[PDB]
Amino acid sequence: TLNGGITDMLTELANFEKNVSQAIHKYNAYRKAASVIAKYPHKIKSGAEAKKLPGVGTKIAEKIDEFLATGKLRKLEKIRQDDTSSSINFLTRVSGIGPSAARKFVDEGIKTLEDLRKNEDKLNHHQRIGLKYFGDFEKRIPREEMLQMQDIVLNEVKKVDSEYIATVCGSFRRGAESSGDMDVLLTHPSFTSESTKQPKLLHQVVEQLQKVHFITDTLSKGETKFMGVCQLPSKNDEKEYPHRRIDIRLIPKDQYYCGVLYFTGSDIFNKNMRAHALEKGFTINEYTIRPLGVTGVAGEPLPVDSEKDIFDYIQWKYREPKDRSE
């Protein structure tokens, strides 16, 4: 990491703006600049050099100059001193506690892990599970464990219905040596953009994974998206593995390529690519790519028979999953 000091600074500023300021566009701007700087293949020597990169403007350039000269950023040194900002930033590290809930908890005197555990009463279901596994959810998953988890998920899915196809996406599909959680794209021929011919398609996979004690908790669940918790089995006398976040997304089978493009990410890559689509006159979601008429209303879905077809429409050279870790 040539520029890790700068990128950490911008990331901390991004998180400040999201959690404390509740300024989602500043959050995205800071993360976009951190990402372009992270892939820049030179050790940055000045703010002016960084300002050449798209997403780095005047203000970030000045912060880079202060950071290069001093090793620090006074704006951040002060944010770290604000008790309210410290409290809010801590509380939002619990899954299910966002910017608004964190600020309300602080108002109510609930500011520390101690306070949260004393007040499970005041937590919704999601937050209660985020608190239960607070430590575990900050541990990363070695790719070796991702492979064991993939084996279980793919085999249990096959036992329910051999026509399911489960694909592990996220950073795993991008070839990362570790991942923050497990993301699973699911398809079944009974669920297409034209009809849903079988109910409970997601539910049946979730129940089977619960049956074998792989899924341990549910954060939210609907007809096409599961957000929950899972755990690898341990051997005799072994310490248990940490509990891990798992997301399962059921996507219409004929829309698999848009779905796997979405779920492979990264999230910044998707934002960048979707914004480029818009400048090229297209809109992309996890289901389709459609043209945008001058009216601004999306037209009919365009034929897609590969991930690369999506890149072709917007005049981008193809980028393998490994090259999408923005």
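Under this definition, the rigid core comprises the largest set of C-alpha atoms superposing within 1.5 Å between the forms. Start at 1 with the first residue shown and count on from there.
Trainee: Between 42-50 and 258-266, pick out the one whose C-alpha positions differ more from the shown form in 7 other deposited structures of this protein, using the rigid core for superposition.
Mentor: Of 42-50 and 258-266, the stretch deviating more in 7 other deposited structures of this protein is 42-50.
Trainee: Core fit done; bigger CA RMS in 7 other deposited structures of this protein for 69-77 or for 104-112?
Mentor: Greater root mean square C-alpha distance in 7 other deposited structures of this protein: 69-77.
Trainee: Looking at the other compared entries that model residues on both sides of it, is residue 198 unmodelled in at least a third of them?
Mentor: Yes; at least one third of the other entries leave residue 198 out.
Trainee: Name the higher of the two by mean Cα B-factor in the PDB entry, 90-98 versus 244-252.
Mentor: Comparing 90-98 with 244-252, the higher mean C-alpha B-factor belongs to 90-98.
Trainee: Tell me which stretch, 74-82 or 219-227, has the higher mean Cα B-factor listed in the entry.
Mentor: Higher of the two, by average CA B-factor, is 74-82.
Trainee: Taking the values straight from the PDB record, which of 275, 298, 33, 261 has the highest C-alpha temperature factor?
Mentor: If I rank 275, 298, 33, 261 by C-alpha B-factor, first place goes to 298.
Trainee: Based on the PDB record, which member of 113, 129, 149, 184 exhibits the highest Cα temperature factor?
Mentor: Within the set 113, 129, 149, 184, 113 shows the top C-alpha B-factor.
Trainee: Which third, lowest, middle or highest, does the C-alpha temperature factor of residue 289 belong to within its own chain?
Mentor: Lowest third, going by the recorded CA B-factors of the chain.
Trainee: Rank-wise, by C-alpha B-factor, drop residue 315 into the lowest, middle or highest third of its chain.
Mentor: Its C-alpha B-factor belongs to the highest third of this chain's values.
Trainee: Going by the recorded CA B-factors, say which third of the chain residue 7 sits in, lowest, middle or highest.
Mentor: Answer is lowest: the recorded C-alpha B-factor places it there.
Trainee: Mind checking which third residue 122 falls in for C-alpha B-factor across the chain?
Mentor: It belongs to the highest third of the chain when residues are ordered by C-alpha B-factor.
Trainee: If you rank every modelled residue in this chain by C-alpha B factor, which third holds residue 58: lowest, middle or highest?
Mentor: It falls in the top third of the chain.
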